[PDB]
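Colleague: Would you mind keeping the following structure in view while I ask a few things?
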Amino acid sequence: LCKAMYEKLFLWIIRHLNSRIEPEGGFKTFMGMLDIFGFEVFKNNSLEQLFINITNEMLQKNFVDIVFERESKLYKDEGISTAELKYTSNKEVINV
Amino acid sequence: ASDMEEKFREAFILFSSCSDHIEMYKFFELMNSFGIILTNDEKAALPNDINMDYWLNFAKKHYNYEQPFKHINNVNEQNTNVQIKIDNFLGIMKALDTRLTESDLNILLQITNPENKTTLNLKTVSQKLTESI
Amino acid sequence: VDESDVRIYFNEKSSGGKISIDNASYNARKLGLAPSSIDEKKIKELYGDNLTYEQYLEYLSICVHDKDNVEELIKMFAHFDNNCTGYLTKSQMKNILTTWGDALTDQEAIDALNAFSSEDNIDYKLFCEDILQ
Amino acid sequence: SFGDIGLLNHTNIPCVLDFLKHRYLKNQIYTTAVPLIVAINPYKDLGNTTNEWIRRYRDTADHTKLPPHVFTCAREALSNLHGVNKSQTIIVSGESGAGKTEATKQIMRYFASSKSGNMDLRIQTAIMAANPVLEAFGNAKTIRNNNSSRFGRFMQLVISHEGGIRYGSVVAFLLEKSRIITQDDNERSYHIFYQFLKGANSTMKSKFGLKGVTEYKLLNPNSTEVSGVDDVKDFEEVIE
Amino acid sequence: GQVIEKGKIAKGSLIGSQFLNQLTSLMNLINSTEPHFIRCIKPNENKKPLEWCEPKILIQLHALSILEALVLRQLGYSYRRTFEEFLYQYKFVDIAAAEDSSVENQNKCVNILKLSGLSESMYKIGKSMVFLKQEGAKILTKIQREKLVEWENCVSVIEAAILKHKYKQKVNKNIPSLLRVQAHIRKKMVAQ
Ligand SMILES: Nc1ncnc2c1ncn2[C@@H]1O[C@H](COP(=O)(O)OP(=O)(O)O)[C@@H](O)[C@H]1O
Ligand code: VO4
Ligand SMILES: [Mg+2]
């Protein structure tokens, strides 16, 4: 009950903010910004720590894809460089 | 309204709404309204409180009497020479983050190209605007 | 309208029988009429500079302006009253009356402003009311 | 002498570590590796974040003359937002206490600065005032980081071609529910709980019947204090 | 607008399941845009300035793929975009050959690139895109940043010359109402 009252209140302030700051008719060409919870390791790690480290691995999977996997295919498809990009992906650990 | 001295007056009154002191940004509107342009170096080099007196001195000190709207003609000798289609030209306008609304830009079109031609060039916009003052 | 005053005011400022539009305005302002440049330019296109009593009477009828009231004359002042108090400063009021139309001179406007009230902040509505009497 | 890591002849593990070692210690934390940009946490303000620097990167013509910084990125991101008219995104990556939340604020402060002063800053006011509230309500003290974000923050902002935020949308997700009820030793609960049970006025201390920070079951009584943090002064700033 | 649910917890009500689906949606929203990456490094756990800890930093050099980002030098091109995104960004360099009806978009690019002094070495026009060398892109943005300024003031000059005409036209309507104030003042000056 205490958990839900605090979380809904924290998100109610976000809604009160968005009620005044949001553009009518949404966004066309906006600037995104992503502040997440970084990799955290303690003596004892739980589900909280599990969900945080998952976020970090997710942000990485999409990073490796855009920066390497997509760029490699782009240069090749355009007919510029047939050369391969060597990189380590979390493909296996993200799937587990 | 005779010479420029009496025409700069009429302008200050409007842009300030007959205020003794004009708004900083409204003075930037006012200088633009006579084909006067400044650098951030000159823009910072402007007083806190802006009165009518200073504006008149500023106008004399700046406003090019030979070619008032030179900064319209300054876009080299190929773009100024070639005609830009009404719709495509407004694309450039909206892209350069214009303050003028649909009516305001239509008003502008009604001043610039009053013959309702399929296209419009820059050297013509300036020529109409020099006869507008 | 006072029939006795009309005949008297004509003879008082007539030259070789006829009367100049300039004298005809002074004589209209003596009766309590307010001729403007628009009233003067209408009579000028008809009978030239000098007009006879018959042509002079047809001039005084244009000077009547029955449709005149406070709400009708304040229109320009209201355009500049952004604060919405119904009041303008003597400085604000003076510039309006000097810049556009029948441009009154600085001291013509300044004196007419003090002749109304000693105070700097003047109500434009009560002013029109007073100068229309 | 140079900003991009890729300009070294030998790019092996230690050669890169040393190139970053001498940059950090001589107090030049920002080092490019295009498209990436490395920001090492200095743990002390170098003044490179202040309004003077914002204005530099903003009004400086040649990008080549400018040294690596969060503002180099903030300007090049906004250079494409208006240049090609494509939506752009900034991503702060790193472990707990690497400087993500702080770097977000710096890039936010960059977009807050407008060249021409003729904007409605009423919207831009609530946008910036939200962050010290979002850190009071969402951030808490951990053993890893004393301003650890227990929530995920995502924004969408329409910024002017000269500067200044016209509109925004702060969308927060996954708040550490357990942090409210139980906290480990030397680890503290959400800043606002401690801020409100220290900085509240005498009127709220009697109307709500507020007790000491130690007197609450949902608050670790031994971890109650954070080094270099005045929860009273922070609360003043939170209320405004 | 919260779903009042009773009984056994549904798959959409479970925190982890509700977390992943929220995360999943957010990532696609970011994939659709043009991302920029800031890779923050924590040099020590002691939370001390000017303290270098090679192990902790190295792990972060891997986990942020800083050392791996070095192979992106092989590409050799800094700018890469379609003819459309390019031609909208660099139209001001010469609107003339930029809005040409006869010339195709692939060839419009060539013209405006060569217009800016660039040689066949600084660029390589691809299948559907325009690629520029780091050296090449510097030249083009220097010329574009002189021209953006040319039109930035050119527009701002037209902007106010019409904004002026706005106040002017809205004043001309009140002018005959004012002429009457000015004629009644002259009338009052005759009486005194
Ligand atoms: N550029 C910086 N200068 C000084 N201290 C910094 C800097 N960046 C981060 N810090 C320090 O690191 C702490 C944690 O930073 P923060 O952005 O909140 O990281 P995270 O998102 O990983 O929690 C801050 O409270 C501050 O003391
Ligand atoms: O990276 V955090 O310390 O905000 O979890
Ligand atoms: Mg954080």
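Residue numbering for chain D follows Swiss-Prot, covering 98-337 in order.
From the backbone N, Cα and C atoms, a Cβ is placed for every residue, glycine too.
These came from Swiss-Prot, pasted as-is:
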- D:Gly191, D:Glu192, D:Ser193, D:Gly194, D:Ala195, D:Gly196, D:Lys197, D:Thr198: ATP binding site (BINDING)
Colleague: I'd like to know which of the binding-site residues listed (D:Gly191, D:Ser193, D:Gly196) lie near ligand 2, counting only a CB under 6 Å away.
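Modeller: Near the molecule: D:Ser193.
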Colleague: So which of the binding-site residues D:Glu192, D:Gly194, D:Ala195, D:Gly196, D:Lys197, D:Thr198 sit close to ligand 3, that is, with a CB under 6 Å from an atom of it?
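Modeller: Listed by sequence, the hits are D:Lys197, D:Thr198.
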Colleague: Using a Cβ cut-off of under 8 Å to chain C, which of the binding-site residues D:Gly191, D:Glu192, D:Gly194, D:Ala195, D:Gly196, D:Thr198 qualify?
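Modeller: Correct list: none.
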Colleague: State the three-class DSSP label for D:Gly191 (ATP binding site), counting H, G and I as helix, E and B as strand, and everything else as coil.
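Modeller: DSSP assigns D:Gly191 (ATP binding site) to coil.
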Colleague: Over all shown protein chains, what is the count of other CB atoms within 10 A of the CB belonging to D:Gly191 (ATP binding site)?
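Modeller: The answer is 25 other Cβ atoms.
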Colleague: Return the single residue from the binding-site residues list (D:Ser193, D:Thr198) that has the minimum number of other CB atoms within 10 Å.
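Modeller: Relative to the other binding-site residues in D:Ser193, D:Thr198, D:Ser193 has the fewest Cβ atoms within 10 Å.
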Colleague: Might you list, by sequence position, any residue in that chain lying six or more from D:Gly194 (ATP binding site) with a Cβ less than 8 Å away from its Cβ?
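Modeller: D:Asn138, D:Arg241, D:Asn242, D:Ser245 - these are the non-local Cβ neighbours of D:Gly194 (ATP binding site), listed in sequence order.
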Colleague: Around the C-beta of D:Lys197 (ATP binding site), how many further C-beta atoms are within 10 angstroms, looking at every protein chain?
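Modeller: Its Cβ shell of radius 10 Å holds 27 other Cβ atoms.
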Colleague: Which residues does D:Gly196 (ATP binding site) neighbour through Cβ under 8 Å, counting only same-chain ones at least six apart?
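Modeller: Long-range Cβ contacts: D:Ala136, D:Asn138, D:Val189.
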Colleague: Where among the binding-site residues D:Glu192, D:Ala195 do you find the Cβ with the fewest other Cβ atoms within 10 Å?
Modeller: D:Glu192
